[PDB]
Amino acid sequence: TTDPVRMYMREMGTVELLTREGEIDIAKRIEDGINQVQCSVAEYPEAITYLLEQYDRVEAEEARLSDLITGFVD
Amino acid sequence: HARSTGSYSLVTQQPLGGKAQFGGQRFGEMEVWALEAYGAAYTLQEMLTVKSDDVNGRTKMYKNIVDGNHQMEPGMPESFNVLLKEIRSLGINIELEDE
Amino acid sequence: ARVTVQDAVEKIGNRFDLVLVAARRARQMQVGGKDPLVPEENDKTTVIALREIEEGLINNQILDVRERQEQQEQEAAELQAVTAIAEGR
Amino acid sequence: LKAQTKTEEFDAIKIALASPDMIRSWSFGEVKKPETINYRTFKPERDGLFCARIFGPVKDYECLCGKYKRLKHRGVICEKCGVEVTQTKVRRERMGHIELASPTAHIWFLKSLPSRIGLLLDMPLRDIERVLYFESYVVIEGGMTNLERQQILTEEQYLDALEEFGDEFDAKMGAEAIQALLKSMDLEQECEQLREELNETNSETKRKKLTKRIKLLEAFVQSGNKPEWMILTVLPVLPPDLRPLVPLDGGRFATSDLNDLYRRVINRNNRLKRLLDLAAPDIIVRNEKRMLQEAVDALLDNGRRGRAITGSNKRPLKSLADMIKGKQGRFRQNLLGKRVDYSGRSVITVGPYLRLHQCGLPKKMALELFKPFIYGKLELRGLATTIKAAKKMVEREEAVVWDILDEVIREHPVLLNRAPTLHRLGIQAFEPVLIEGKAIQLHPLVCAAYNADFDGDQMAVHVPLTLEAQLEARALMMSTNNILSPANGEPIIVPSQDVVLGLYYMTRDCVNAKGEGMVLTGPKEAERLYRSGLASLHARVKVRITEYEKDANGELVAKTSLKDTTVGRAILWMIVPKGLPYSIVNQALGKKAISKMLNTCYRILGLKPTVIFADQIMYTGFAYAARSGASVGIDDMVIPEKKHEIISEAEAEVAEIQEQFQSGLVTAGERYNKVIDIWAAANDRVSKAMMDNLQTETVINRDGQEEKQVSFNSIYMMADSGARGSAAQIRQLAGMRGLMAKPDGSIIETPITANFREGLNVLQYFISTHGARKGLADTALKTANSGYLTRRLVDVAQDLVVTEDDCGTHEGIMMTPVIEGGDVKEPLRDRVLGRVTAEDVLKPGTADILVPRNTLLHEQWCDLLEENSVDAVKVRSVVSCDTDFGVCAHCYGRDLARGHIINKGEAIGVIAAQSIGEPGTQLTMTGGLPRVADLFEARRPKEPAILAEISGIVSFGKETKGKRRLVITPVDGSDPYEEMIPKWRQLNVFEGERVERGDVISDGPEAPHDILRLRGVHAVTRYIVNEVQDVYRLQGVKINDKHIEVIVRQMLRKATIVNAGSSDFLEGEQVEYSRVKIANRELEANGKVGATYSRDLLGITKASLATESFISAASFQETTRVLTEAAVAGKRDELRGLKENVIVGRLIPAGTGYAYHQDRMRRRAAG
Ligand SMILES: [Mg+2]
Ligand SMILES: [Mg+2]
Ligand SMILES: [Zn+2]
Ligand SMILES: [Zn+2]
């Protein structure tokens, strides 16, 4: 009908609104998804040794604490 | 009102009064036809090129008028030169071919 | 002044080629290159050329001929200068 | 020999689609940011729509950062911010670009009325938009599965169709799909396919639409354009200074609307780029693409979708298409049309002392106008050290400068122009005469040609700078070189009013006056008699005069006699040069005779004697008119003594017919018409009463008893001489004035019984008001109608110019007198004058050749034909001229401001159109000015007649099916013609007669298309000229048939092929091209066959539509459509015309320029 305003309202109106329980459903999957990739990163030897070579650069005054970690879980 | 060489409009270089030395008389289509009925080609060229719209030709002329040489080195009117860029600003490639 | 160009139009028929020819001649006079062929009454080069047409001493044939003559008159001076361009060899 | 590389002086031009890489060629950088200027320091922020790096330095020859400020450094790119220091002019030149994330459709090729992308793919428009908005999926290169190449699927359908065939089938949506279609499309293969189908199926319905598409496709193929380019990858950006941000007063800023548009397109584009790296859901990136699509469209041409509005302002922002477009077409050349230097203007006044070749110029105006000349001459003789000192001198207005101005002024013509320029005489060159005061003085004799009254009208001055302009002005636009209207050979310099009342009062005679009967040796001592007060200006006297006749061979004979004349005529003879006879001045010298005097003088003695003659006539006219002491008093208007009686008698008739209406003897309607008739007759009665009394009633005595002559009463002299006033207006002054008309148009049955010499009461004036107001309104509207007409006319002709000398065709039209219904509404001598004979003419007897083949018929030749009884002369016309792409001078005529045959290269179309258009103000609101427009527009009447399609015996067949068929049966030829003509239209045609093709089969008007088709070209051209000339001539407008004929030739410029063997069978096309092409077969290649055409009749506004030059068409037509329709085919405009050359600003390929263009045109296609 042209008028891109119209073809949006109608394109989004198809997506059905989430139930209060449904929000957590999708959100749980997110946690699962990321946690999968986190563990997958933990399983790489170069990922460790690289982090080692990076922290040795932090202690060598070749970087800053802000450029490597955002803080630990604990 | 009378004007020799006055100010000029920026967007299209054309005579415009800013000092109240008023911009020149407006030369029209009907007036162009009047020149076309007569055999006068050079009067018409000088009318719409060096006397008005040619940002180069005007100065090259003025210098010749004081030098005592009546000639014109016309060049291309800036009105048409802008129309080329407006067309070329679209997806249209407009070129001047040959020689 | 020259009130009517009618006499010049008789000498050269077209009446447009008259404007051209009289122009070409008028510049030969206006830019300081030649002198009039007939008494100048204080008339500017515009009108002096027209009298020369009316009196029949100036037209397209003569000018092309005259110009073609001057081509050889200047080519005679520079004759030695330009033959010195043997540096081409 | 080597070609070239750098800027030479270009000829022609080409236009085509722009490749993405081609767009990158122009771009010197990518605009990556919506930022404009820094917000504190107003310098442009790199890299934004205004950028020093991409485009150019803000100030002349200076780097942005300021490191390199020196004028020496030029090709240096600054190491800090790369800016090559160069004139700021390059910010007006250098373009830019923007790399778009997703492809985008070009609105011009999507929404142009024949949607270009649509019919190239043979796909509907509504579908294509549905694909661009992501509202459906479209197939591409379907392979062997289930699906058409161009078929469209929906969400669910694409999924279902996809489960069956995963690969070897592909479908997309959005801009990338359309771009993929165009790229995948092979035009060559499709062309072949279309070729087979034409031959296979034979149907008019089928192959009609079919042929349209195949030509278009192969044109695009031969063009060199590749279809993909209709979808924009890269978008060029216009140079910043063409859309400036420049500051204003009070420190506020102002900028072009394009910025608001460009900014938007960037932001959204950039946002989309960001949205790609964030992996957003489809529903969003889809919405963002649509938003980008809307923005680009709004930028290019706004108004084809939503008409997006500019920030904070309701008014829609002007887009790039609207900058070119306008009213009408382009603003550049349209009225109006660019301001011009070296000009001026002011109120104008008379200046009768002037010679016809000069004009009064205000001192100050000439000072400011010639300022550069004054500077240069001041330092040529050494009165000023340098140009600056000269400026201060003229600014100080030192006394010494005035003499220097007379030098630069002397031989240097100036152009004078008035506001409504109609014909070429609207601008004329004069020699300047320095005049104290701020008003322009204009020679009275020219006031007629300009149609310039003195009621406060203003005129403009133009200085001819270049030498060529001085000689053009002097030899063409000069006053003395045009004394004759180009519309008709009659002099337009004819003395106007005051002058002619003088000469009328001069050569006139009363019955008894001082000096009657005496005799004088010659005109010299005649003036001596008058000036001394001895003899009256008008008295009958014999004086010896010497007249001349050149009747020898180019040689003037002299003859002397005693002529019986008056004193005034005797004195006037001193002016008449040489070979004119005394018979011409011996009459009363009205305005009519005084014009034919000047005419004969020109056709006998030539130009020069006529000019100086005209001046003298004006000078003596004014002078003697002043002596006459003519005036107008209230007692100068004589009311008839019998008026009151006439009114009373006409007043009884109305009460008689009224008595008949009360008793029912006459109907209501018959009564109204009746009363109106008796009142009308009364008006004529009173008019022709006061006319008799006013004209001759001066009754005076010479020596004997009484006698009566034409009155010397003031107001009568005005009307008789032709100076001013006419029997109609006078009738309103003395006798009763008219019967006015109520607004609805019904003339009121109670006329105006009073006049202006008496008082009008309340009612009569109130009733008079409508006539005045409707009069003013009609004219004010008829002003617009005339202009529009000239526009269409000059558009359809224009480029028509005299090119060859003699085309050498015997062809021509038969010229006879118009002989309309009574006696001779126009003679033969006027119709053939100044034209050229088609073939030699015989006397009534033969073996006598009067005019030998093609000869210009001048005044002597036309009179020699008139001596003899010759009733018919065939004449070459511009409609029959064999020359292609122009008119041969022999076919046109002599007519000009000069009597000589028309020169080679004069543009006749323009002067033809101007001559037809200018008089249109005087026409009426069938008949009138709109009637002319219908004629030139070819428009078919409402209830036309029908002409026999083919010769042979006709009959009626079948019966009344709402149409009763008419069957024509030629003797030898084939029968098959049967036309279905509704029979409820009254027939004429005899049911039992054989009809020649083109006879009258019914009554009512006929379509001019027919006359051309059935009767032929010469027949139809005669129809137009005789009908249109009727309209003008009824009003008294003299327009030579030539001009009308040239317009006609352009009407039939196009023709429709019949046979074949080289061309497109049914194509409508130029008969110029065809004739040179069928000449190219009569002896060339294959005979083949071929081709026969049929001349066509196009209306003026329709025929002007087709023009080879696209730059010309883009002017007066709809700009958008013209540019698109031309840009796809890659049409290459060669100039060659007038309209286009004016736009580009070079010499017009006509007149003075015709020598140049000709010499260049031959240089082309050579080596
Ligand atoms: Mg007037
Ligand atoms: Mg007026
Ligand atoms: Zn810098
Ligand atoms: Zn011809």
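Residues numbered from 1 in each chain as written, not as in the entry; some residues may be left out. Chains lettered and ligands numbered in written order. Part of a larger assembly, values for the part shown. Heavy atoms only, no water. Residues with missing side-chain atoms left out of burial classes, pairs and counts.

Its PDB header attributes the entry to X-ray crystallography and lists the resolution as 4.100 Å.

Undergrad: Teacher, can you tell me more about the interface of chain C and chain D here?
TA: Often the size quoted for an interface is simply the accessible area lost on bringing the parts together. Taken together, the 28 residues of chain C in the interface contact 32 residues of chain D. A per-residue breakdown of the area chain C buries against chain D is headed by C:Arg15, C:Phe16 and C:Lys44, which together make up 27% of the total. At the boundary of chain C with chain D, the tally comes to 2 salt bridges. Inspection of the chain C/chain D interface yields 8 residue pairs in polar contact. When residues of the side of chain C that touches chain D are traced back to their parent elements, those giving at least two are helix 1 (6-11), helix 2 (16-30) and helix 3 (45-54) of chain C. The greatest single-element share of the side of chain C that touches chain D, amounting to 8 residues, is contributed by helix 2 of chain C. (Contact = heavy atoms within 4.5 Å. Buried area = accessible area lost by both parts, 1.4 Å probe. Salt bridge = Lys/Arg side-chain N within 4 Å of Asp/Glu carboxyl O. Polar contact = N/O pair within 3.5 Å; in protein donor to acceptor, adjacent residues only side chain to side chain. Helix = DSSP H or I, 4+ residues; strand = E, 2+ residues; numbered from the N terminus.)

Undergrad: Explain the UniProt feature "binding site: Zn(2+) 1" in chain D here, please?
TA: All names here are of chain D. Residues annotated in UniProt with the feature "binding site: Zn(2+) 1" correspond here to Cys63, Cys65, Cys78 and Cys81. A stretch of 19 residues holds the annotated residues, and the largest C-alpha distance among them is 8.3 Å, short enough that they meet in one place. Mapped onto the fold, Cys65 is located in the loop between strand 2 (27-30) and strand 3 (95-105). On the basis of relative accessible area, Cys65 is assigned to the partly exposed category, the value being 37%. Those residues in contact with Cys65 that sit more than four places away from it in its chain are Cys78, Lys80 and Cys81. Note that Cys81 resides in the loop between strand 2 and strand 3. Residue classification places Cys81 among the buried residues on the basis of a relative accessible area of 9%. Among all residues touching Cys81, those that are not within four sequence positions of it are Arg46, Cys63, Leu64 and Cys65. (UniProt positions renumbered as here; feature names shortened; annotations may be inferred. Buried < 20%, exposed > 50% of the residue type's maximum accessible area, 1.4 Å probe, protein only.)

Undergrad: Before we go on, may I ask you to explain a negative patch on the surface in this structure?
TA: Taken together, the side chains of D:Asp186, D:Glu188, D:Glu192, D:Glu196, D:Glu197 and D:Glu200 define an acidic patch exposed on the protein surface. Examined against the element boundaries, D:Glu200 turns out to sit in helix 7 (residues 187-200). (Patch = residues over 30% accessible without salt bridge, like charges linked within 9 Å, V, L, I, M, F, W, Y side chains within 5 Å. Areas by Shrake-Rupley, 256 points an atom, 1.4 Å probe, with all protein chains shown as cover. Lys, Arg positive; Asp, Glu negative; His and termini not counted. Charge placed at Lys NZ, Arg CZ, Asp CG, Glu CD.)

Undergrad: Just checking my understanding: could you explain the sheet that holds strand 26 (residues 994-995) of chain D for this structure?
TA: Backbone hydrogen bonds are what pair the strands of a sheet, in a parallel or an antiparallel way. Residues and elements named next belong to chain D. Pairing is antiparallel in the open sheet, where 4 strands are placed in the order 25-24-23-26. Either end of the sheet is taken by a strand with one partner, and the two such strands are strand 25 (978-981) and strand 26. Here 2 bridges tie strand 23 (residues 952-956) to strand 26, and the two strands are oriented antiparallel to one another. When the bridges of strand 26 are listed, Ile953 appears paired with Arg994. (Pairing = 2+ DSSP bridges.)

Undergrad: How should I be thinking about the coordination of the zinc ion (ligand 3) in this particular structure?
TA: Metal coordination angles have textbook ideals: 109.5 degrees for a tetrahedral set of four donors and 90 or 180 degrees for an octahedral set of six. Residue and element names in this part refer to chain D. Taken together, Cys63 (SG), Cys65 (SG), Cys78 (SG) and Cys81 (SG) make up the protein donors of the zinc ion (ligand 3), found 2.2 to 2.6 Å from the metal. Every donor counted, the 4 donor atoms about the zinc ion (ligand 3) form angles of 90 to 136° at the centre, which fits irregular coordination. Spacing between the donor residues of the zinc ion (ligand 3) along their common chain follows C-x1-C-x12-C-x2-C. Of the two residues examined, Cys78 and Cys81, each falls in the buried class. (Donors = N, O, S within 2.8 Å, 3.2 Å for Na, K, Ca; no water. Tetrahedral: all angles 85-135°; square planar, octahedral: opposite > 155°, others 65-115°.)

Undergrad: Explain the interface of chain B and chain D here, please?
TA: On the chain D side, the residues contacting the 74 residues of chain B number 101 residues. Listing elements by their share of the side of chain B that touches chain D, those giving two or more residues are strand 1 (2-3), strand 3 (15-16), helix 1 (29-37), helix 2 (42-48), helix 3 (57-67), helix 4 (78-89) and strand 4 (92-95) of chain B. For the side of chain B that touches chain D, the leading source of residues is helix 4 of chain B, giving 9 residues. Class assignment of the residues belonging to the side of chain B that touches chain D gives a composition of 35 nonpolar, 24 polar and 15 charged. As judged from the 4 bridges shared by strand 4 of chain B and strand 1 (residues 13-17) of chain D, these two strands associate in the antiparallel manner. Each bridged residue has a counterpart across the sheet, and for B:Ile94 the counterpart in strand 1 of chain D is D:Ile15. (Nonpolar A, V, L, I, M, F, W, Y, C, P; charged D, E, K, R; others polar.)

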